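Here we start with a single chain on its own, the form deposited in one PDB entry, put down as structure tokens.
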């Protein structure tokens, strides 16, 4: 997909390059694809996209700035100060001073303004100002500009939310995931209405059944208390503890809670999963269709470049000339559809990527060396030798240099395996800063051995699906990560500074009894790890009840309830659906192979 060919080529070379771009799945913007003589501006798109590493690093730096900012509750002069990290159970990360914050923010905002406005070089100005995405992005950058200025001039701060929104808007797969999710919301709110109806009715039966009992006097003291406890019991996280008083009062009480948990878990939760799975499949099919439409648009523009006369047909001589300008670098009458089909048949079967400009047993040799390295490592840990780990590190950098010599980097880097092996080998060699942690990097290379279980048919599908999932779950896990970043910023804004060694109420909260005091919202990394504990649903109601006690209001539970409803019942059920569909796709592939 040579930028040279799209820019300068003879039209048959532009057509071959558009064909290759399309089948590689990396299309040009339609604003370029449609502008007739698009080569005059595609030059700018290519130079723009060559810098993608710099832009991505800017957006990751902008997102990570949230982890190093001082909590706003520390600014309003606590006694003692947040220098007494032990008093506030704070983390280890540094908090930026004002000078460092200004420098960081100025640099990242400058690169963000450059990235956001450079598209005006190839999208026409009238197209730029009419893209919805550009207008939202410009709104975000102007909010960050205001928030930078409003303290460079020296209730809450808006910046940390806008940084996450900009991050979402900057990665195509996150935008796609949020578009997908927006189609699922409507159907999800219906089953949520039925789930609420289930909780409300079950909690009313429970309440009136236990009204004068010890369960009533000690647990189900009111309808709202019953509904709260029954909601937590839907998660099973309080399972026996909540109804022990009934079981002490009558062993027959267990029948109610058995029925309730059996129906709630094995029927309602699984049906919520099934609804999320149906909706996911429908929206993914809509996405795939849209990408196939874009692919056709590109192939049709290539046909419009070979057609120099607008008669909507191509002849033998134009066809063979295109066939040479295709087969020489990238791999009778015809029409638009015949051309698109005939082209896609090459990708279907004949297509192999050619090597860009500038032995089988070797894999077995390195497999032997790395398995010897693994046995040497284990016999070292059991103490049954730095020269071995050194010679292995040397052999791994030799393998990397040999590959990049014999294949060339633009070929080498294409493989998902070796592009990892390269990074970890580089980290290994740059770790020679003159610690034992290089043991774990060496085993991070050793994990490549697991691919050999794909040679064993009883393991081939499982391992192959796992390898496929490692990259392909990244948009979904990244969306969950962005939801956590937003919930973290909210939590630190509303709960920061309540968990402190002088609080006195704290030492009654259950957070103290379970020794969870480091899992607090006083700090951004603290909040992130706490939100991971909540996402795991393990002992999760401890935090909810403790912060209810520390804030003194029931409204605090809205945070934890909404977090549960968004993350568990939706996004993780999405991850389940995605993994199941991936496995079944791998089986359908092998059923075509076998």
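Positions refer to the first chain, counted from 1. Think of the rigid core as the biggest set of C-alphas that the two forms share within 1.5 Å after superposition.
Just so it is clear, the following notes concern the form deposited in another entry, a form of the same protein that is not shown.
For this session: Tell me, with the core superposed, which single residue in 252, 394, 507, 201 has its C-alpha moved by at least 2 Å between the shown form and the other one.
Result: After core superposition, the single residue displaced by 2 Å or more is 394.
For this session: Establish whether a shift of 2 Å or more occurs at the C-alpha of residue 416 between the shown form and the other one, with the two forms superposed on the rigid core.
Result: It does shift by 2 Å or more.
Problem set entry | C-alpha of residue 489 off by 2 Å or more between the shown form and the other one on rigid core | For residue 489, whose C-alpha is compared between the shown form and the other one after core superposition, the shift is less than 2 Å.
Problem set entry | Shift of residue 285 between the shown form and the other one at or above 2 Å (CA, core fit) | Moves: no, less than 2 Å.
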